[PDB]
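J.: quick check, what structure comes out for this input:
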Amino acid sequence: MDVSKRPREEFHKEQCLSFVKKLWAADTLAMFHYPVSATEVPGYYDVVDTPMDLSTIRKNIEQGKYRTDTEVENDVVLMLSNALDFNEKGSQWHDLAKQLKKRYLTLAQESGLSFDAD
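T.: Numbers count the residues shown, from 1 in each chain. Okay, here it is:
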């Protein structure tokens with residue numbers, strides 16, 4: 001495991017929440033804010049096996065269930081991936097997911113976060 005080789009803090013609660021607040025605001029359609037309601041997006045869970053949204057991420061942060069900052073990146077990436085998969089290219093939904101996939105690393109930087117490439 002080499003736990004001694006880890007930094008003293010692998011999880012920065014405040015920065016992760018700041019990161020999510022930026023994602024929340026960058027979400028121009030409010031599409032990522034809550035778990036999808038099937039009645040508002042019919043068939044959604046017929047495609048998406050592993051749903052993820054910003055409120056769930058925010059909850060996992062607040063309750064300290066994340067072990068590392070990089071787990072937070074992983075769920076953001078999952079979230080955006082679901083949108084890119086479910087939605088058709090050229091749709092406002094797909095376009096946004098694309099923008100956020102291109103931009104989130106900068107948002108993380110600006111929130112003082114640094115993920116692990118490994």
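J.: now the spatially most central residue of the chain, nearest residue through space, not along the chain?
T.: Nearest residue to the geometric centre of the chain (Cα atoms, centre = their mean): residue 76, 1.9 Å. Closest residue in space to residue 76, ignoring its immediate chain neighbours: residue 104 at 5.8 Å, by Cβ to Cβ, 6 or more residues apart in numbering. For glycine as for every other residue, the C-beta is placed from the backbone atoms N, C-alpha and C.
J.: what about the helices in this protein?
T.: According to DSSP state H, the chain carries its helices in the segments 13-26, 44-47, 54-62, 69-86, 92-110.
J.: helices or strands next to the second one in the packing?
T.: The reference is to helix 44-47. helix 69-86 (3 or more Cβ pairs under 8 Å, 6 or more residues apart in numbering; DSSP states H and E).
J.: show me the contact partners of the helix it packs on.
T.: Outside helix 69-86, the residues within contact range by Cβ atoms under 8 Å, 6 or more residues apart in numbering are 10-12, 15-16, 19-20, 23, 31-32, 44, 47-48, 50-54, 56-57, 60-61, 66, 93-94, 96-98, 100-101, 104, 108, 113-116.
J.: narrow the residues you listed to those that are buried.
T.: Listed as buried from the contacts of helix 69-86 are 11-12, 15-16, 19-20, 23, 31-32, 44, 48, 52-54, 57, 60-61, 66, 93-94, 96-97, 100-101, 104, 108, 113, 115; burial here means 16 or more other Cβ atoms under 10 Å.
J.: hang on, isn't the residue nearest to residue 76 packed against residue 27?
T.: No. Using Cβ atoms under 8 Å, residue 104 makes no contact with residue 27, being 11.0 Å away.
J.: state the distance from the residue nearest to the centre of the chain to residue 44.
T.: Going from residue 76 to residue 44 by Cβ to Cβ, to the nearest Å gives 19 Å.
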